[PDB]
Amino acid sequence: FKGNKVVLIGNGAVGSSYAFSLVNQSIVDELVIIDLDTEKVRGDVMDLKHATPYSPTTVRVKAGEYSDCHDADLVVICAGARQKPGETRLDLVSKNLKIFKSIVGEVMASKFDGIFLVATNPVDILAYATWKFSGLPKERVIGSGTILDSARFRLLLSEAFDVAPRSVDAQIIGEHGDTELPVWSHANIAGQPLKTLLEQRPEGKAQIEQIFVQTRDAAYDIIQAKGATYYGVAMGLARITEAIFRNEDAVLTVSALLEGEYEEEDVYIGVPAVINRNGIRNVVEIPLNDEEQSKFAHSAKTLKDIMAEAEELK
């Protein structure tokens, strides 16, 4: 009768923010933190512990090492190099594949047999790498993917239509990055067709474009202003973690392995997927219009081309 145990690997801006989300939300009762930078781990574990007395239910936070993964239920990896102003996520594949080779190896050696959730960029390729490196079933390796892009798209739409974000059903799919695409054929508020409504406005075409551009380029805009992003992804990671430990069968856009869905194979990419205690139950295959079909195929190809050139993946 064990409790729920999360091991976080990588305790920088993103990891520590995710840790604080877990302390606020009490999704799990035990969190173990691993990082090369043991002193920052020490400092954050103490600071975090001091918040736990106000957590809705008990959360135990501790500094850990790889042996601690043996009975972990979820391993969350936020370790690695981040982009500078003027850099793309794909600009990181080389260094971060190096790092994941090491990390996932250390984890599997502890006899870990849970679920992986990865945030390190480029997240689709790193999720793919975690799947390949680990040998685990696809259901048990998840990338955060467009969990965050979808939230940004919803946030910008909630402002444009002046309603709660919870009342906007809208999705970004594809690469978590420059080839991502909005699913305008779906995006709605209680059935209001948002793109059609925007098009009716003056320079509506312009507004439709700005909403997508601000979605696609949000990471760049935040990095320009404060150097790094972390709250959005931390919250997105928390949301996925919740769907797993509360066994929800909730549909979320995450980075998932495709094996024939959307006519693509052998690539992790952002799609709606059913999430439960077992990880990804299945990819959800939605109708795409012609523009969406064309953009999704191009995104998959973009990712697959970069993967074919990554020597670490061979």
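Heads up: residue numbers just count along the shown sequence, starting at 1.
- Taking the mean C-alpha B-factor of each stretch as recorded, 79 to 87 and 115 to 123 are not equal, and the higher mean is that of 79 to 87.
- In this crystal structure, the stretch out of 279 to 287 and 64 to 72 whose C-alpha atoms carry the higher mean B factor is 64 to 72.
- Comparing the listed residues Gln214, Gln224, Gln171, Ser185, the entry records the largest Cα B-factor for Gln224.
- When the C-alpha B-factors of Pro202, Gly232, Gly145, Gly191 are ranked from the entry, the top spot goes to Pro202.
- The deposited CA B-factor of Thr38 belongs to the highest third of values across its chain.
- Ranked against the other modelled residues of its chain, the C-alpha B-factor of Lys101 as given in the entry falls in the highest third.
- In this PDB entry, the Cα temperature factor of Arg239 sits in the bottom third of its chain's modelled residues, the lowest group.
- When the modelled residues of the chain are ordered by their C-alpha B factor, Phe133 lands in the highest third.
- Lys95: CA B factor in the highest third of modelled residues in this chain (values from the PDB entry).
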